[PDB]
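In what follows, a single structure is set out as structure tokens and then discussed.
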Amino acid sequence: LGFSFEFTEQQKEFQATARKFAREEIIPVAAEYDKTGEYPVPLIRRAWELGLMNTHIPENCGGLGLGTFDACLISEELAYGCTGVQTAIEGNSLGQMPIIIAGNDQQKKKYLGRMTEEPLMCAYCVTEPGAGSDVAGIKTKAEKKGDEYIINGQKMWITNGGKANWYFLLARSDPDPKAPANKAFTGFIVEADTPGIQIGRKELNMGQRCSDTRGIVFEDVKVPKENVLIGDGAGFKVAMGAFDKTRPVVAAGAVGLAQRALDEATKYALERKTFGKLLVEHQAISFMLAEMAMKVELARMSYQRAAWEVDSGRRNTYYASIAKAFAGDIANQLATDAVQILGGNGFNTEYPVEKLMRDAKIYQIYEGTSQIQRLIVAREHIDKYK
Amino acid sequence: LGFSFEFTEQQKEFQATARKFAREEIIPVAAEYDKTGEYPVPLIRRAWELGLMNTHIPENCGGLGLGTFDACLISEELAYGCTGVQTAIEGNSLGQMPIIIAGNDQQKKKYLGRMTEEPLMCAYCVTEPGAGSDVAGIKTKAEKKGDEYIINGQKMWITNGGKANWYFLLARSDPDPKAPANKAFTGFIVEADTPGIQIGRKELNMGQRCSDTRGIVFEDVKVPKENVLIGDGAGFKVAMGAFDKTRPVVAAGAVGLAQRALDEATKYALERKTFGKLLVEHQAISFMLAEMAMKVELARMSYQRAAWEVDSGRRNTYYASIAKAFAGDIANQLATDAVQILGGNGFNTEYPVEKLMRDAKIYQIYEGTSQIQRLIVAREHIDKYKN
Amino acid sequence: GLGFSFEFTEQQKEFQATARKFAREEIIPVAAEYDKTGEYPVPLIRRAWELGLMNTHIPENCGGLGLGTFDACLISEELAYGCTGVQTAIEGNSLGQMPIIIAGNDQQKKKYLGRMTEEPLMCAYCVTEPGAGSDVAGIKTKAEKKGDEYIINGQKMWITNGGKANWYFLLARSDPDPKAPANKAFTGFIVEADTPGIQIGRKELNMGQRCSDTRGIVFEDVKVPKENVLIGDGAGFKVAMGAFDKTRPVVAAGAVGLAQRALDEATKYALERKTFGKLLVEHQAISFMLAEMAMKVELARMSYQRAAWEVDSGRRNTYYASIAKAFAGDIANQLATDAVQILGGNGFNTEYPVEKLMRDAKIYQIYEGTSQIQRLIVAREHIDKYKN
Amino acid sequence: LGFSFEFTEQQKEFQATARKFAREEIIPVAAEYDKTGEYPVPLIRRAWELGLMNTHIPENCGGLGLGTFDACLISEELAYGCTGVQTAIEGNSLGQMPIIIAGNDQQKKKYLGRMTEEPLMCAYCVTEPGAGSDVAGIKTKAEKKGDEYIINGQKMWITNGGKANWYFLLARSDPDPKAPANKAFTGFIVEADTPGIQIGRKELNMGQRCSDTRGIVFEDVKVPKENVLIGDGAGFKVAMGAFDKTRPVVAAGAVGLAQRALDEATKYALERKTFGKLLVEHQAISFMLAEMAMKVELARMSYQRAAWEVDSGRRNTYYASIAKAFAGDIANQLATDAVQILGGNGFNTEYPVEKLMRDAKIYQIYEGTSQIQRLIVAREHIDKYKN
Amino acid sequence: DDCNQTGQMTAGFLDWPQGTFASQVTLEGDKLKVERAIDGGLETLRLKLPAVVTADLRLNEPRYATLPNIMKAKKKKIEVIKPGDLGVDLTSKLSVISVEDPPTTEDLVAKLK
Ligand SMILES: Cc1cc2nc3c(=O)[nH]c(=O)nc-3n(C[C@H](O)[C@H](O)[C@H](O)COP(=O)(O)OP(=O)(O)OC[C@H]3O[C@@H](n4cnc5c(N)ncnc54)[C@H](O)[C@@H]3O)c2cc1C
Ligand SMILES: Cc1cc2nc3c(=O)[nH]c(=O)nc-3n(C[C@H](O)[C@H](O)[C@H](O)COP(=O)(O)OP(=O)(O)OC[C@H]3O[C@@H](n4cnc5c(N)ncnc54)[C@H](O)[C@@H]3O)c2cc1C
Ligand SMILES: Cc1cc2nc3c(=O)[nH]c(=O)nc-3n(C[C@H](O)[C@H](O)[C@H](O)COP(=O)(O)OP(=O)(O)OC[C@H]3O[C@@H](n4cnc5c(N)ncnc54)[C@H](O)[C@@H]3O)c2cc1C
Ligand SMILES: Cc1cc2nc3c(=O)[nH]c(=O)nc-3n(C[C@H](O)[C@H](O)[C@H](O)COP(=O)(O)OP(=O)(O)OC[C@H]3O[C@@H](n4cnc5c(N)ncnc54)[C@H](O)[C@@H]3O)c2cc1C
């Protein structure tokens, strides 16, 4: 073997399509969509057509069956254009992952299959008004009640919450509060027009405003026993298992926006003049640019690595949490930095960087905050010394 | 003598007024004005009424005749409510300062007096599309044509630019490109409704959304030689000297924003539980709040230092630029961290921290960029050593 | 009262000039020899005693000057600029003295503070143990009351002036019940170094402040007269705790002294060394570094000043002293490594002043309470303002 | 085609040997050599016996002809035991590289061959007392006089400077100051026992103390013309080409040290209890260890990337100067934190971390400082965007 | 597996002598002189010479895989086969039930014993 840092020829092909989509079709409308915040239905469909969405579905079910390393490639290219857009797209892989890794062939053919045949959406329901980071804190109740369960509770912050065909749902199926995570949670697929499901207003966030993120309650929502994922009480193992193959991609999202920040900032420094000189020719600005380059290159490798680890058979948990942690932080550093280089303009909506900054904060929060990421890494790291 | 970090009894009560105002009248409407961008006229008028604005104006024009330290402690209490609304109030003192320090008694009683009589706004005008940081690169023409000057060009990013009774304007008189900044530019006062003045639309920024910020065009504008500040080519000194007494209050703005973000993250971290414990019982959240409170306390002393220096006849420049650099940086640090402590709620518009993070960013940029603040500090510092 | 002031009392300007003249005419010239050898700087300590720059907390009725914490910080900043190893050895005295000052009776103060007034004797703060430093409440050195005496059994670690000290302030475990809390479990003693049972260990070899002696001390059946206990049995932990209000700022001033030295060095050099045609200071990145370094120092200085002013005002200053020791220590390290950096290859070299400042500084994030510990204190103090 | 972060089985067995020698033979005496500052001869001869030195030397000179990647994985292992000894044996690739990239067939079999036969050292002499970073301010003069050159001047901070059989030497060829750097310098191969050459006493530095470093003075030193590297003026290209293949190895050195720092801090954190718990049960300490682990892993990959690019025929200036700047930086961050976690013990001279702090600082200075690395990266970066 | 069986067991199936736990070895023709580490010290043996010897710690210091020779070894051959070929079964009436984790002076010499 040996180390390699070259994409495969077919991967370059994916990248080429994704770049061309992002720059020719996303960039031109990304600002209007940020202003209005309406869900980018055209470009989704469009991503769907070009094959840049649902990349994880196996060919089994008419998917393209690609790995995490491919999904990362494409997601970075989409995110470079827009993380609102690119998030809504990844929303679908988040939903899919628990079914991909833990469904039977019926469940997969049924709920992944349909995504192949048309650009349907789907969502991941775990977070609740009272627990996010602490997943074993979720209170949404499922009670077994015949050849079906009854779902009660409230989820919150659901990407595609109000744009989805079905939901991965995770609920507290063991009422004894003394029961462990391992035995207490059951994970379900849940058709969205099931009676009981009440979808909330659109939420209004700092950033990725075109993304559909919303709350949703469940009132006696009935779910067939056919839709339980591995069995009663395997929800936790399952929900957890998704993260290995999603977090690397969230980090590539972060890297995309970083790349964009740096590109905007570099173009501007090459053409703006102060004290008789291009900004490039001030040592401070140069040093900024260089430091940002560094961060990106490093952030990218971190994700590329995590993805390869999981595509290679093995758990990537330590690696994926490092990539999330760092890509997310340096995205926020790059964006505020990129604003800084553009100066007054930078702070202005008619320029592209101000948006980047508002978008980028989310990457230290969702899918496990910077702090939680660090607990994971500490855990993985430390266990290697006893 | 002897160091002291205790306020006068007067200073303590000035603080209470401003805090009563900000927490009762600014805070319950701040996000509304942010959401809309509506210039907050009721609050300006209200602040004017309570004597919390134009505080630098001398007594012999009917102003409170307060010092930079006083304006700083007022300015913090205001910023804590909102830096959108306090940047608009501060705008006034930015427009007024180059007249305070460099205007003749006629100039002062006319243009300062009216400020003292009603709630008028004035503005400060130096930046152009071509230049903000490099003041010695401004291109607005100021040609001596009569018992007057003719003013041609364009200013950009002017706070209250669309709301001011008059402007402090800085334009380049000597057309020889080989002339120094020292001798090259003239400071003027310019009645806003003079003809030839086309005010552009309200620019839309990431933050301080209720602050009014725009471009002004200057087509053939006629300014009385009476409205000159000291004379030809003396504009650079005047505009540079203004900053001693203004840079400190901007810093105190940053701190108000910082103090707000600290409190919100603290209040929250004492109510939100995760993994069985309160946020505050997770060492890392504790360490964040502790690094935050350190940072607010050091920025406050820094602006307090610089206010005191000038309030006592001394040149500010090193201490003012330190405090501006530091208050600016840490406000940004404090706002993400406060958004961070609140998690997904932090990222959302129904909570107070999202605003703070967008507001916080101009503090690295306006009244002198983070980068150039360090060029100033560097310079002032290296100069104690050049024998 | 009146508003703020950042102006020294005339009298304090006088203290300042004395400490400076000393630091600059006497320490600077010899610190790199004493650093190279670890030789305990006896002349300089005697000369600082001579000059009344030492034992300055001692109240007038024990023969001292009864100076405040602000005054003591001025002076340390000045000594530390010259040398932190030296200044640490001077300073140790105040740490040993402090519990006797704040908690001793008249016979205790007069006897043990008073002797410091008439010869340059040293004393030491005897707390840290092989197994506990940060967790004071984890110390196990035994004290059992047997007669009108106590018998001390235990081993002590990292004791500055530990083998140079006329006497020690010693913290020991009075209550055998391990469930006994810290507010009851510990008693503080004044112990004379020459008591039988006491064995001073070898001079311990550290990266920095090498001329300072820091030593293990073992107590084997040590006889301590009932009259040398501080407030009584079980008051030990409060008494040791209380020493810090008056002392944290001064160690913070030390970190600032070294910080300022680093800056001055690196500035001097960046005004003579040129690269690429220009002087170092004309390269923007270097200039920005000097700028941020200058910020850092000014801010640290105000921070410890503020701590010191708070306690001189009769306020407890835990919160402000902790910010000082956290901020001052973190930036002294930052400034030291930058100073090296700016001197390039020369800076890494031993015939230039700066590498030492880098070896010297790291201890500021460890002792008189770690960087992390200071944040826990600051956190606790900060958060309590919000609990109602 | 395809990304791979897995070694060849050949590289695994290399790493395993490098690592057996590092843990077994270097570590157990590394403090001893740091204390005495004695040049570590027995180890250098052992490493040479194991085949771990002069690894770039091509097969037709009795070398192994191995990649930049292989050097890096090897030298990370040696560094982990000690950067003093790793630097010593790294000095050889440094001195050798120009000859490998720029020397003719007799030059190569002459000066590279001997390294294959005994364990001799060589060094790279470029830095002078007046210039390090500004290589183009080298003022050591070199005059043609018949069949040879007359080298006059003084070189500073040379690794293996007093231990070398021969030197790569860069010297100012052209007196004309209008001369372009790119064509102003000649580079030589200069045997160390040449008359005129005055090696200086051992330099005493804060760190990597057992490595040999010293000034050299050249006076009227006769260098045979057939030891000139490519021609006159050619040196500057030559010297600059070298770094592509050596900067990755220096970075790989830094992570070595950082990894050592990380393990030492992680072992202690699993033994020491405070407040009734292991240090790892203190979230702040876990957070610390996490971050150290993050910085090491990325530092590692970065040098792995630069080694791969040059091994792929591409040049790697961008990636390599990324790796050195980051590695250098995080080696230092990691050294202090390891000290901090160890606490009082960490500051003491019989624990192994204090040496790492002292050893580490060098990595932000030699082989290109943290500042000039960022100029290099910035220049490569900017160029990607211009026409 | 901490077994210490294969050597012995191989030696039984060939019916050759075994020299277990060897600290030293010599050929004396068609005989091997074998020093070996036993509980009190070192016993010496002589063995007819188709033989089987199991190395003990004391025997030698193993050498380094020399970098040059790591490369040279990539050339040298390795036939790869199955146990099925040689005529060997594999089925095993052992089975692991579990792999858990480890947990006056008159009492003390009793609790060493
Ligand atoms: C735009 C957006 C979209 C989202 N979309 C989805 C989605 O589609 N599906 C879904 O399931 N969820 C979604 N979420 C939820 C998101 O992943 C959570 O917000 C995130 O997991 C953090 O949880 P929290 O908001 O409840 O914060 P909390 O868990 O309350 O965290 C609060 C603070 O405390 C810290 N903290 C918490 N516990 C500890 C502790 N262990 N030790 C140290 N620090 C701690 C955190 O880092 C944070 O700073 C979304 C969120 C956002 C903001
Ligand atoms: C909300 C808002 C309100 C404002 N209000 C006013 C006002 O009322 N009156 C007024 O006059 N102006 C106002 N301004 C203008 C503001 O002061 C300028 O934007 C600011 O001075 C920075 O200048 P610039 O925008 O032209 O940045 P530029 O000069 O183009 O600089 C861009 C970037 O390059 C950096 N840079 C420039 N030169 C150097 C150098 N030599 N070395 C290192 N780095 C360098 C800058 O720091 C910045 O990061 C306002 C701006 C904003 C955003
Ligand atoms: C040069 C020197 C001179 C000294 N002189 C004296 C003196 O004369 N008198 C005296 O009494 N002592 C003295 N000491 C001891 C010194 O004060 C202690 O080393 C220090 O107080 C804490 O040290 P420790 O080694 O026990 O740290 P440890 O308790 O071993 O801590 C190690 C690390 O863990 C971290 N940590 C520990 N607990 C927590 C926690 N609960 N939460 C988060 N992080 C934690 C610490 O921050 C530190 O980084 C001296 C030490 C040195 C090095
Ligand atoms: C232990 C050690 C071993 C060494 N071994 C060798 C060796 O074997 N061979 C060899 O040739 N050299 C060697 N050197 C020298 C080393 O390579 C140089 O010190 C290094 O290149 C930096 O140069 P300088 O020391 O002259 O610092 P300077 O060039 O004077 O730089 C001074 C400071 O200013 C900064 N600076 C300089 N120019 C700029 C600018 N353009 N913009 C911004 N900042 C700038 C630098 O980064 C530094 O912080 C060694 C040095 C050491 C310390």
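What you see of chain E is 129-231, 241-250, where the numbers are those given in Swiss-Prot.
The deposited model was determined using X-ray crystallography, 2.8 Å.
Cβ coordinates are placed from backbone N, Cα and C, and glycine is handled just like the others.
Look at E:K200 (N6-acetyllysine): DSSP puts it in a helix. Every protein chain shown contributes to the tally, and the Cβ of E:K200 (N6-acetyllysine) ends up with 10 other Cβ atoms within 10 Å. Positions annotated as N6-acetyllysine by Swiss-Prot: E:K200 (among others).
Residues annotated as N6-methyllysine in Swiss-Prot: E:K200.
Under the heading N6,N6,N6-trimethyllysine, Swiss-Prot lists E:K200 (among others), citing experimental evidence as support.
Summarising the annotation, Swiss-Prot assigns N6,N6,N6-trimethyllysine to E:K203 (among others). Sequence-distant neighbours of E:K203 (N6,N6,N6-trimethyllysine): no residue of the same chain at least 6 apart has a C-beta under 8 Å from its C-beta.
Feature annotation from Swiss-Prot assigns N6-acetyllysine to E:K210 (among others); the stated evidence is similarity to another entry. For E:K210 (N6-acetyllysine), the Cβ neighbour count at a 10 Å cut-off comes to 8, with all displayed protein chains included.
Annotation source Swiss-Prot lists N6-succinyllysine at E:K210 (among others), citing similarity to another entry. Under DSSP, E:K210 (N6-acetyllysine) is assigned to coil, being neither helix nor strand in the three-state scheme.
Taken residue by residue with DSSP, E:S223 (phosphoserine) is part of neither helix nor strand, so it is coil. Cβ neighbours within 10 Å of E:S223 (phosphoserine), excluding its own Cβ and spanning all shown chains: 5. According to Swiss-Prot, the phosphoserine annotation covers E:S223 (among others).
Taken from Swiss-Prot, the feature phosphoserine covers E:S226 (among others). Long-range C-beta contacts of E:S226 (phosphoserine), restricted to its own chain and to partners at least six residues apart, with a cutoff below 8 Å, are absent.
Under the heading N6-succinyllysine, Swiss-Prot lists E:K248 (among others), citing similarity to another entry as support. Taken residue by residue with DSSP, E:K248 (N6-succinyllysine) is part of a helix. Sequence-distant contacts of E:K248 (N6-succinyllysine), defined by Cβ-Cβ distance under 8 angstroms and a gap of at least six in the same chain, do not exist.
Sequence annotations record features per position, and here Swiss-Prot assigns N6-acetyllysine to E:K248 (among others).
Sequence annotations record features per position, and here Swiss-Prot assigns region 'Recognition loop' to E:183-205.
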* Filter the modified residues E:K200, E:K203, E:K210 down to those with CB closer than 6 A to an atom of ligand 2; keep them in sequence order. => none
* Looking only at the region 'Recognition loop' (E:183-205), what are its DSSP counts of helix, strand and coil residues? -> 6 helix, 1 strand, 16 coil
* Euclidean distance between Cα atoms of E:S223 (phosphoserine) and E:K200 (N6-acetyllysine), Å -> 42
